């Protein structure tokens, strides 16, 4: 099939691009390099089944782009991804994450696109949820502008589905980690710990370091995108995670074990917008998509540390 990936120059996006090409699809990648990296795509230079478009989803002529390339499925990964940034500038986060999504949907509905696969935020959209692990039936309750914009994106796509019959599904990942995640990003703790511990630079947790997340490996997340791209799970959100909680402190220890050396992070003040706990019920993805994560944290961390070590 023909696929278009927004945020294609990014961590998850470039990984998804590689997977789709392997699966025999032709791919158009779209990115403005806000946080993505050309090196994530540089190996594709001579592949005729791949075309890259440098474009900003907020302002670009998405209608013209989609009219040219006629993607059957659009995988929408382009976003402002930093929670703290969204607090600093909710307007900008909303422009990229809400307006960008709306413009893409409006383009897609006019150009024969079959389905948009949205990227929500399983890790943040439920806010402080009524239970853990958190199922998709739990109400959204965002507590950061980033989380709100992701919810708004889902709703707008659901709307276009009613309005025009433009199919959509929402991939809602937990905390994604692995190769190609920006070591110099403001977010992505696994990458941050790995890079710093390899370099012997200081590491820090926030609060008492008890804050928990659900750490899911990139290759597993990519598989979920592929599964949901077919005519299945239409109209629905799927939590994509492991259903296992790992504290800031516990993760540090695991990364230290993989790198070697000391396991002694600093403790810094909590950050406004960040939730205390995150753990996803992944039953729906199993039942409906046949999706299950293959990579356990210890293995994923080893893989990620090794990757960083080699590239370092």
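Positions refer to the first chain, counted from 1.
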Using the B-factors recorded in the PDB entry, average over the C-alpha atoms of 41-49 and of 251-259, then report which stretch comes out higher. 251-259
Could you settle it for me: does 11-19 or 290-298 have the higher average Cα B factor in the PDB entry? 290-298
Listed options 187, 99, 143, 218: highest C-alpha B factor recorded at 187
In terms of recorded Cα temperature factor, pick the maximum from 230, 157, 81, 107. 230
Ranked by Cα temperature factor within the chain, is residue 5 in the lowest third, the middle third or the highest third? lowest
Using only modelled residues of the chain, where does the Cα B factor of residue 281 rank: lowest third, middle third or highest third? middle
Could you tell me which third, lowest, middle or highest, the C-alpha B-factor of residue 31 occupies within its chain? lowest
Splitting the chain's C-alpha B-factors into thirds, which one does residue 209 fall into? highest
Tertile call for residue 183 (CA temperature factor, within chain, third-based) is the highest
